[PDB]
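The structure appears below as structure tokens.
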Amino acid sequence: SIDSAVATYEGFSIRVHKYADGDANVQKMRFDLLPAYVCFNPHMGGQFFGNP
Amino acid sequence: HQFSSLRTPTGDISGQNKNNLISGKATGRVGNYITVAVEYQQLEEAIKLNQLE
Amino acid sequence: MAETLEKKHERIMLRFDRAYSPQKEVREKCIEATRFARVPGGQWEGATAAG
Amino acid sequence: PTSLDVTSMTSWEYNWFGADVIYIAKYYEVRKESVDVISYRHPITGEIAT
């Protein structure tokens with residue numbers, strides 16, 4: 001139950017946590033995201049350039 | 001404002017440092033008068049000056 | 001303004017995707033409920049082959 | 001551009017897949033204003049009418 005929220009940006013959700021240090025009177029925040037990549041078949045893509 | 005991001009294998013930022021919040025401004029100021037002045041004498045306007053407008 | 005029917009087609013496709021995105025899981029539950037209630041073998045789906 | 005009001009109320013134990021919403025608010029006020037009333041006093045078919 002730490003002050004937390006989700007922010008939206010064109011179909012992407014990000015989690016913001018608000019936390020603080022009581023003794024030093026400093027208020028801090030953090031934005032987080034965790035991705036995951038996969039490559040199904042290497043033979044269905046690549047690089048193309050203009051041939052001479 | 002612009003920000004930079006950290007990249008960690010498990011999400012540790014305790015060791016590193018955070019972003020700073022530097023604020024900048026653009027200023028605009030006034031220039032100089034654009035003045036144009038003319039003068040002529042009473043007899044000149046009495047005899048010679050016509051179609052002054 | 002999209003005079004051609006081609007340009008109106010991808011707008012329709014985008015609208016279909018936008019409509020399909022949120023209302024996806026509720027319809028999954030509805031389909032699962034109907035299948036569970038009526039299909040003769042639908043009460044053990046998800047573990048048909050276990051051994 | 002599009003900007004939404006912030007409430008930080010929901011997302012409280014709930015997954016998100018719908019990311020195409022913008023929150024817009026209607027705002028009602030009540031005020032005391034000075035207005036000028038006009039009194040039409042035509043005797044025909046009733047006379048007092050403000």
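Residues in the structure tokens are numbered from 1 in each chain, the chains being A, B, ... in the order shown, and ligands are numbered from 1 in the order shown.
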
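In the backbone-derived DSSP annotation, strand (DSSP E) within range 13-48 of chain A comprises residues 13, 14, 15, 16, 17, 18, 19, 20, 21, 26, 27, 28, 29, 30, 31 and 32 of chain A.
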
Self-check item: Contacts of residue 23 in chain C within 10 Å, only C-alpha atoms, excl. fewer than 4 positions in-chain, as a list in words
Solution: residues 18, 19, 27 and 28 of chain C; 17 and 18 of chain D

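CA of residue 21 in chain D is positioned 10.2 Å from CA of residue 10 in chain A.
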
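As for CA of residue 21 in chain A and CA of residue 3 in chain A, they are spaced 13.9 Å apart.
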
Exercise. Compute the chain B side of the contact with chain A at 10 Å, counting only C-alpha atoms, and hand it back as a list in words.
Key: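 Close to chain A, chain B has residues 5, 6, 10, 11, 13 and 18 of chain B.
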
The selected residues should be written to file as an mmCIF file, in the first residue's frame (atoms: C-alpha atoms).
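Result file out_35.cif:
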data_model
loop_
_atom_site.group_PDB
_atom_site.id
_atom_site.type_symbol
_atom_site.label_atom_id
_atom_site.label_comp_id
_atom_site.auth_asym_id
_atom_site.auth_seq_id
_atom_site.Cartn_x
_atom_site.Cartn_y
_atom_site.Cartn_z
ATOM 1 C CA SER B 5 16.669 6.050 -17.725
ATOM 2 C CA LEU B 6 18.536 3.357 -15.817
ATOM 3 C CA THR B 10 16.767 -6.806 -11.382
ATOM 4 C CA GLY B 11 15.783 -3.214 -10.564
ATOM 5 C CA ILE B 13 18.838 1.920 -8.010
ATOM 6 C CA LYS B 18 18.828 9.854 -9.709
#

Exercise. Starting from chain D, keep only residues with some atom at most 12 Å from an atom of chain A, counting only C-alpha atoms, and report them as a ChimeraX atom specification.
Key: /D:2-22

Quiz item: CA of residue 3 in chain B and CA of residue 19 in chain B are how many Å apart?
Solution: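 Calculated distance between CA of residue 3 in chain B and CA of residue 19 in chain B is 6.8 Å.
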
Quiz item: What's the 12 Å shell around residue 48 in chain D, counting only C-alpha atoms, without same-chain residues fewer than 6 positions away, as a ChimeraX atom specification?
Solution: /D:38-42
